[PDB]
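Colleague: Sharing an experimental structure here, sequence included.
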Amino acid sequence: XXXXXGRXXXXXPXXXXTXXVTXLXXXXXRXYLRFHXXXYXXXXXXX
Amino acid sequence: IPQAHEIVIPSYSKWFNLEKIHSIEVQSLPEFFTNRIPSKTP
(Lines give C-alpha, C1' and ligand atoms only; values in the text may rest on other atoms or scores of the structure.)
Protein backbone atom coordinates (compact mmCIF):
# COMPACT_ATOMS: atom_id res chain seq x y z
CA UNK A 1 0.00 0.00 0.00
CA UNK A 2 2.57 2.53 1.18
CA UNK A 3 5.46 0.74 -0.54
CA UNK A 4 6.94 3.05 -3.18
CA UNK A 5 8.94 1.70 -6.14
CA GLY A 6 10.41 -1.43 -4.57
CA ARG A 7 10.97 0.16 -1.17
CA UNK A 8 9.27 -1.68 1.69
CA UNK A 9 8.04 1.27 3.73
CA UNK A 10 4.91 -0.70 4.64
CA UNK A 11 5.79 -1.85 8.17
CA UNK A 12 5.03 1.52 9.76
CA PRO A 13 2.29 2.55 12.20
CA UNK A 14 -0.59 4.20 10.38
CA UNK A 15 -3.61 5.66 12.17
CA UNK A 16 11.92 27.37 27.81
CA UNK A 17 11.26 27.03 24.07
CA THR A 18 8.59 25.02 22.26
CA UNK A 19 10.49 24.09 19.11
CA UNK A 20 8.59 22.08 16.50
CA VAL A 21 10.06 18.84 15.14
CA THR A 22 8.95 16.90 12.09
CA UNK A 23 7.50 13.52 12.93
CA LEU A 24 8.89 10.41 11.22
CA UNK A 25 12.25 12.22 11.08
CA UNK A 26 12.86 14.50 14.03
CA UNK A 27 14.29 17.81 12.84
CA UNK A 28 13.45 21.41 13.70
CA UNK A 29 10.81 22.49 11.17
CA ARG A 30 46.79 -8.67 63.39
CA UNK A 31 50.27 -9.65 64.61
CA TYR A 32 52.37 -7.67 67.09
CA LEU A 33 56.03 -8.48 67.52
CA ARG A 34 57.42 -10.91 70.09
CA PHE A 35 60.57 -10.14 72.04
CA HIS A 36 63.15 -12.04 69.98
CA UNK A 37 64.59 -10.52 66.79
CA UNK A 38 63.52 -7.09 68.09
CA UNK A 39 67.04 -6.32 69.38
CA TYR A 40 66.94 -7.08 73.07
CA UNK A 41 67.99 -10.19 74.93
CA UNK A 42 70.50 -10.07 72.09
CA UNK A 43 72.58 -7.49 73.94
CA UNK A 44 71.67 -8.38 77.50
CA UNK A 45 71.08 -10.84 80.35
CA UNK A 46 73.87 -10.24 82.87
CA UNK A 47 72.76 -13.50 84.50
CA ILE B 1 1.76 19.37 5.74
CA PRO B 2 4.26 17.26 7.75
CA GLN B 3 3.17 16.19 11.21
CA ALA B 4 4.29 18.39 14.09
CA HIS B 5 5.94 17.74 17.44
CA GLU B 6 6.56 19.93 20.44
CA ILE B 7 9.65 19.70 22.62
CA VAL B 8 11.16 21.86 25.36
CA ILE B 9 14.66 23.27 25.83
CA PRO B 10 16.22 25.11 28.77
CA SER B 11 16.57 28.80 28.00
CA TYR B 12 20.37 28.64 28.28
CA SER B 13 20.55 26.16 25.38
CA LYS B 14 19.23 28.41 22.60
CA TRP B 15 22.79 28.67 21.28
CA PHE B 16 22.51 25.08 20.07
CA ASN B 17 21.66 24.83 16.38
CA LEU B 18 22.03 22.05 13.87
CA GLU B 19 24.18 22.62 10.77
CA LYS B 20 26.40 24.67 13.10
CA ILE B 21 29.19 24.13 15.61
CA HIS B 22 29.40 26.51 18.57
CA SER B 23 32.51 27.54 20.47
CA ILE B 24 31.05 26.02 23.65
CA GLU B 25 31.13 22.63 21.95
CA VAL B 26 34.66 23.17 20.64
CA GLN B 27 35.95 24.01 24.11
CA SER B 28 33.88 21.34 25.88
CA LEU B 29 34.69 18.39 23.57
CA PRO B 30 38.23 19.13 22.35
CA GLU B 31 38.87 15.70 20.81
CA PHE B 32 36.88 16.17 17.61
CA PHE B 33 38.79 19.32 16.61
CA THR B 34 42.50 18.68 17.11
CA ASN B 35 43.58 18.24 13.50
CA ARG B 36 45.70 15.16 14.18
CA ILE B 37 43.19 12.30 14.02
CA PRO B 38 41.50 11.30 10.75
CA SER B 39 38.53 9.53 12.36
CA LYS B 40 37.58 12.28 14.83
CA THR B 41 36.56 14.99 12.34
CA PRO B 42 33.97 17.71 13.01
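Modeller: Ah, there it is. Numbers count the residues shown, from 1 in each chain, chains lettered A, B, ... in the order given.
Colleague: Which residue is the nearest non-sequential neighbour of residue B:24?
Modeller: The shortest distance from residue B:24 to any residue other than its chain neighbours is 6.5 Å, reached at residue B:15 (Cβ to Cβ, 6 or more residues apart in numbering or on different chains). Yep, even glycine has a C-beta here, placed from its N, CA and C like the rest.
Colleague: Check the gap between that neighbour and chain A for me.
Modeller: From residue B:15 across to chain A, the span is 12 Å (Cβ to the nearest Cβ, to the nearest Å).
Colleague: looking at this, that residue is in a strand?
Modeller: No: using DSSP: H, G, I helix; E, B strand; the rest coil, the assignment for residue B:15 is coil, not a strand.
Colleague: Could you give the number of residues near it?
Modeller: 10 (other Cβ atoms under 10 Å in any protein chain shown).
Colleague: same deal with residue A:22?
Modeller: Residue A:22 has 13 nearby residues by other Cβ under 10 Å.
Colleague: hang on, it packs against residue B:6?
Modeller: No: the criterion here is Cβ atoms under 8 Å, and residue A:22 misses it with residue B:6 at 11.8 Å.
Colleague: Spell out which residues of chain B are next to chain A.
Modeller: B:2, B:3, B:4, B:5, B:6, B:7, B:8, B:9, B:10, B:11, B:14, B:18 (Cβ under 8 Å from any Cβ of the partner chain).
Colleague: List the backbone torsions phi and psi for the third one.
Modeller: So the one you mean is residue B:4. phi -110, psi 150 (degrees, to the nearest 10).
Colleague: Quickly list what it is bridged to.
Modeller: Assessed by DSSP bridges, residue B:4 has beta-bridge partners residue A:22.
Colleague: Distance check, it against residue A:35.
Modeller: As judged by Cβ to Cβ, to the nearest Å, residue B:4 and residue A:35 stand 88 Å apart.
Colleague: residue boundaries of the helices in chain B?
Modeller: For chain B, the helices defined by DSSP state H cover B:23-28.
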